[PDB]
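Commentary on secondary and tertiary structure
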Number of protein chains: 12
Amino acid sequence: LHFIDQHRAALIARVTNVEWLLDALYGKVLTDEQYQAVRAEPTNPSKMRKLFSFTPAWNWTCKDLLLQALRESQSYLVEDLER
Amino acid sequence: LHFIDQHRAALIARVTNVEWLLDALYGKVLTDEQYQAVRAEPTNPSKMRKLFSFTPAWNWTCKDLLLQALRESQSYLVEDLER
Amino acid sequence: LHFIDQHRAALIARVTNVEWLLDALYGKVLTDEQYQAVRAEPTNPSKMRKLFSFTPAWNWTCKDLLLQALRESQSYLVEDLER
Amino acid sequence: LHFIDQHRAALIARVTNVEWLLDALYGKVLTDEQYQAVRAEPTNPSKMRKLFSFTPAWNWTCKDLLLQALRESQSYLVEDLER
Amino acid sequence: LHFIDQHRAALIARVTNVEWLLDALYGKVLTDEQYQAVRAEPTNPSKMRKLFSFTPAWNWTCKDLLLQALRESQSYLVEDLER
Amino acid sequence: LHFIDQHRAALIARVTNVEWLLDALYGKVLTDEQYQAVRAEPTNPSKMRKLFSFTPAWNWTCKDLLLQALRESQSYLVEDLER
Amino acid sequence: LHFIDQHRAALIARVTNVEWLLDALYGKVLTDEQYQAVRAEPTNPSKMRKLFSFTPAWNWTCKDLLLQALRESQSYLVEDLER
Amino acid sequence: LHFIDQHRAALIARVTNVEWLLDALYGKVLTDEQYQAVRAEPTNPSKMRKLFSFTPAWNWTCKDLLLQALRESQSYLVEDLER
Amino acid sequence: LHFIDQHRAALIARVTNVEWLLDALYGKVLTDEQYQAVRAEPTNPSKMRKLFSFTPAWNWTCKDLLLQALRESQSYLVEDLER
Amino acid sequence: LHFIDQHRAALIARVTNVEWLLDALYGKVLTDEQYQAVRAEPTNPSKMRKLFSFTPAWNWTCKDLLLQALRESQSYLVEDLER
Amino acid sequence: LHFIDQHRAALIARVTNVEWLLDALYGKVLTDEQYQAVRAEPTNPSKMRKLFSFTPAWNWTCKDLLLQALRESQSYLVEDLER
Amino acid sequence: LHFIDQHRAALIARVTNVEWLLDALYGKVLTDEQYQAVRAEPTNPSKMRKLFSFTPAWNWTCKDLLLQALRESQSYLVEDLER
């Protein structure tokens, strides 16, 4: 949404389930080379940064898909930042 | 509580009942992949470190849940660090 | 099939007989170094990810072989995802 | 097309898959010295500028080829700027 | 062959056994500094790009050797692109 | 402040948390192209130089924001140079 | 505007986003030969002087366009010099 | 102290209790991202190098804290280098 | 010998007793940091590659030592490649 | 030789081991400022042109030295252009 | 001093820490445009020549400051040329 | 010594223990920014080239120290090139 880009610096630090979001987004948005490129950089925030590297090329129609994925996996930190 | 993050270095070394706390937190907070990921690393404190890897994504409504679980299982070490 | 790549995210989580599939595919498709490389990463889905790392190099003639192996081992989760 | 030169300032900023366009266009249009020359300038838009340096030497028959490449790789940002 | 330069963009993406080709080509063609330089860049296609950087310095008498090595390791993807 | 430009040569050498300051300053002052341009130049002070390249374009109303960010992350080196 | 020529010596020194202004003014005002000619002279103010070399061939109808570009990119240094 | 920087090359090789010092220094000096960044690099001295990467930003008031932690854990190698 | 560098690609794959050769070479040739660095990378050939990383710095006087160690441990694969 | 100046246009494009030729020629012919000056211009042929800038100051007695260096490193592209 | 202009040709070739001398002299003597202008010309001595372009506009009261900077950074090449 | 500059091209290729030489030379000769700058460029000889970039700034009194370090760590390649 605009919630993703609005709360960018907070979602960099408190998300700990990248490995599942990658499988949720595979095929639909992220190509394979980017999927392999994200699986590196052991520092966990770096996976988030490298993931947000492909955010500027997204329209309003798929950031919503990622927000649904976050609402299926966590659904608590989403509510934590919403409140 | 704030007691959990306040007394981290003491709770890493002196908690010896991970195998039950994992069952207390299952379904409610911990997903299945993280649950399988904790059951490794034979060094007993390392399971505690892997558990605290998921602490930053916790709100005030579930750290209390974990302290309740510790007051049901141990209830003396909780009192030992409280005093 | 195209069913293997179509239901990838579901097959990552619910297949629990990797140690036999590896023996089914040995000699025919997987070389020895890859076979030794898969037997690591205690987190059970990670073996599945390491297995799908070698999938892009598969044609229509061997993915069918893997679906045959799954129909010999599980044959219920295959039936569970087909329905 | 004329869409490439019409939306230049938008395509400079929102394209994040240059490393694949180079291989799609290799041999057909871009010589090798240009291919090695693009793989520099870490600032990602700078690869786009260095690529548009070779646009004036293109006819109507190959800018269409590049639009096909974008419709095969992204096909969403293309649709985002079309609408 | 000329098959190597003919199917460059396809061979960038679908080859997953670089770690063995390196040992096949060592001593005969590739010097040691290039051998150490290839063992980097975790993105798997980048190893392929850095490898094809040394392709222009090859005559007709050694690309045949590399195709033989590819026919000894995979022997299916060679057949997959041949058909 | 005037403290930022007053102690420039000391702050070039002893700051080790650039990757977080960028996320604190993102959206508000630094555009995205500069953000991508800073994540280069492995020599750690060079990130500081490239960051101070955009300092002359700052008024009194945002250097205060950067000093607040330094007082939230480090809060000791700020205190170390103040004393 | 007349603000541009009124504050010439201040806008020579404190503008750090030439690389975007060029893309804002491209096609509308600046021809391509000047666009390539400005991208030289590593000293950043020299790009500004070379840009103001083309100010005399501008009417009241396009300096306004450039001030709009500065109000979209920076919008703070403009406000800093206005006050 | 000055003893930490004076005997740097000796403390790189003979300290084998990083996993505990990290918990001793957590919250007080090391932020979370650096704590996650140290827990990598299987080569045991590399954790020491990555830890000393954050040493130049320390005043006299916390290097003493680290020497106290070393005197509580080891208390023999400190005495070994002192004598 | 020259047999070590001559049969490199065969010795990468068929030696399965690294943990003993390391003890044979300790103190005499390998320093301790390299010894710790080799005991990683679970894929068994990777220990061989990391071991041959230190081969170019060997004279004729110690590669013979390694061949004697292999003739004490294996003495069949040595004979298998000799014949 | 006269082969160097005779096959200049072929040796500009297909030589990919400049970084070693520099060390082969160091001390004997190239001064230090030229040695540092060649290590720039990421485009690989540009190092070749900057290298041939110093060819006119060479007699018949050192172009032979460079041909010897090329026959020691590559010895196949030399053979490829000889035939 | 007069030592700077007396040993100019020796200080052109053997100084390897320009990037710090610039920060030592910044604000006091060097303006910002000269600071940006020196940071070019990859050939390391060229930064030294461009630096000595501004020596003629210096009195006896600041060449002493620059010699102090050299005695704080190197203090050996100063000592090497003094002896 | 003069042995260091005489056998430069041989010491570029056959030394594999840079990570220890850096700690031997730290504080005494190499400043910290150069120390951080050397720990890059994954190609093992490139660390050596970046190291010899600072060699011209060494007198007869410290190259001896570096040869002592080489005789303490390796003491075999030193003897190998001496003979």
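Cut-offs used in this document
Residues numbered from 1 in each chain as written, not as in the entry; some residues may be left out. Chains lettered and ligands numbered in written order. Heavy atoms only, no water. Residues with missing side-chain atoms left out of burial classes, pairs and counts. Helix = DSSP H or I, 4+ residues; strand = E, 2+ residues; numbered from the N terminus. Rg over C-alpha atoms; globule rule 2.2 N^0.38 Å. Axes fitted to C-alpha atoms, helices over the stretch in contact; angles between N-to-C directions. Parallel < 35°, antiparallel > 145°, perpendicular 65-115°, else oblique. Left-handed = near helix turned anticlockwise from the far one by under 90°. Contact = heavy atoms within 4.5 Å. Buried area = accessible area lost by both parts, 1.4 Å probe. Salt bridge = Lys/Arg side-chain N within 4 Å of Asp/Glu carboxyl O. Polar contact = N/O pair within 3.5 Å; in protein donor to acceptor, adjacent residues only side chain to side chain. Nonpolar A, V, L, I, M, F, W, Y, C, P; charged D, E, K, R; others polar. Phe/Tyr/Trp six-rings, centres within 6.5 Å; stacked < 30°, edge-to-face > 60°. Buried < 20%, exposed > 50% of the residue type's maximum accessible area, 1.4 Å probe, protein only. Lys NZ or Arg CZ within 6 Å of the ring centre and 35° of its normal. Arc of directions from axis to C-beta.

The deposited coordinates for this entry were obtained by cryo-EM, with a reported resolution of 4.100 Å.

Turning our attention to the overall build of chain A. Of the regular secondary structure elements, chain A holds 7 helices and 0 strands. Along the chain direction, N to C, the helices and strands of chain A fall in the order α-α-α-α-α-α-α. Its C-alpha atoms give chain A a radius of gyration of 12 Å, near enough to 12 Å, the size a compact globule of 83 residues would have. Over its C-alpha atoms, taken along the principal directions, chain A stretches across nearly 35 × 30 × 20 Å.

A few words now on the packing of helix α3 (residues 18–25) of chain L against helix α6 (residues 63–73) of chain L. Any two packed helices are characterised by how steeply their axes cross, that is the angle between the axes, and by the distance between the axes. All names here are of chain L. Where α3 contacts α6, the two axes come as close as 10 Å, and the packing angle between them is 135°. Of the possible angle classes, the one that applies to α3 and α6 is oblique. Regarding α3 and α6, the two cross each other, and that crossing is right-handed. When α3 is examined against α6, the residues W20, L21, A24 and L25 are found in contact with a partner set consisting of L65, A69, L70, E72 and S73.

With 5 residues of chain E in contact, the opposing surface of chain J contributes 5 residues. Surface buried jointly by chain E and chain J totals about 600 Å² across both partners, of which 51% is contributed by carbon and sulfur atoms. Considering only the surface of chain E that becomes buried against chain J, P56, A57 and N59 of chain E emerge as the three largest contributors, covering 58% of it. Across the chain E-chain J interface, the total number found is 0 salt bridges. On inspection of chain E and its partner chain J, the count reaches 1 residue pair in polar contact.

With that settled, the discussion passes to the interface of chain G and chain F. Taken together, the 6 residues of chain G in the interface contact 7 residues of chain F. Interface area for chain G against chain F, summed over the two sides, is near 590 Å², with a carbon-plus-sulfur share of 51%. If you sort the residues of chain G by the area they bury against chain F, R14, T16 and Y76 of chain G come out on top, with a joint share of 64%. For the interface between chain G and chain F, the tally reads 0 salt bridges. Counting across the interface, chain G meets chain F through 1 residue pair in polar contact. Here the side of chain G that touches chain F is composed, by residue class, of 2 nonpolar, 2 polar and 2 charged.

Applying the stated criterion to the full structure yields 12 aromatic pairs over all chains. Summarising the aromatic geometry, the rings of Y26 of chain F and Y35 of chain F are spaced 5.3 Å apart at their centres and angled 45° between planes, so their arrangement reads as tilted. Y26 of chain F sits in the partly exposed class, given a relative accessible area of 24%. The cationic tip of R8 of chain D hangs over the ring face of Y26 of chain G; the distance from NZ or CZ to the ring centre is 4.8 Å.

All names here are of chain C. Within the secondary structure layout, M48 lies in helix α5 (residues 44–52). Along the sequence, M48 and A69 sit 21 residues apart, while their C-alpha atoms lie 15 Å from each other. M48 has contacts with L11, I12 and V18, leaving out every residue within four places of it along the chain.

Another point: the environment of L66 of chain C. Residues and elements named next belong to chain C. By secondary structure assignment, the location of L66 is in helix α6 (residues 60–73). Here the alpha-carbon distance between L66 and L21, two residues 45 residues apart in the chain, equals 8.0 Å. Contact partners of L66, with chain neighbours within four places excluded, come to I4, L21, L25 and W58.

For the rest of this paragraph, the subject is α6 of chain L. All names here are of chain L. For α6, the complete set of buried residues consists of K63, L66, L67, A69, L70 and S73. Buried residues in α6, looked at end-on, bunch into an arc of 155°, giving them a common side. Each element contacted by the buried residues of α6 is listed here: α1 (2–6), α2 (8–14), α3 and α7 (77–82). Just past α6, the residue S75 takes up positive phi, approximately 60°.

Ranking the 28 pairs of chains in contact by number of contacts places chains F and G first. There is no contact between chain I and chain K; across them, the least C-alpha separation is 30 Å. Chain D shows no contact with chain L. Their nearest C-alpha atoms sit 15 Å apart.

Counting across every chain of the model gives 43 salt bridges over all chains. Across the pair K63 of chain F and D5 of chain F runs a salt bridge, and its minimum N-O distance is 3.7 Å. Within this pair, whereas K63 of chain F is found in helix α6 (residues 63–73), its partner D5 of chain F is found in helix α1 (residues 3–6), the two being separated by 58 residues in sequence. On the accessibility criterion, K63 of chain F (9% relative accessible area) is buried. Residue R49 of chain F pairs with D23 of chain K through a salt bridge whose shortest N-O separation is 2.7 Å. A residue pair is termed interchain when its members come from two chains, as with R49 of chain F in helix α5 (residues 44–52) and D23 of chain K in helix α3 (residues 18–25). You'll find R49 of chain F and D23 of chain K in the same group, each marked buried. Taken together, the salt bridges that share partners define one network made up of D23 of chain D together with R8 and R49 of chain E.

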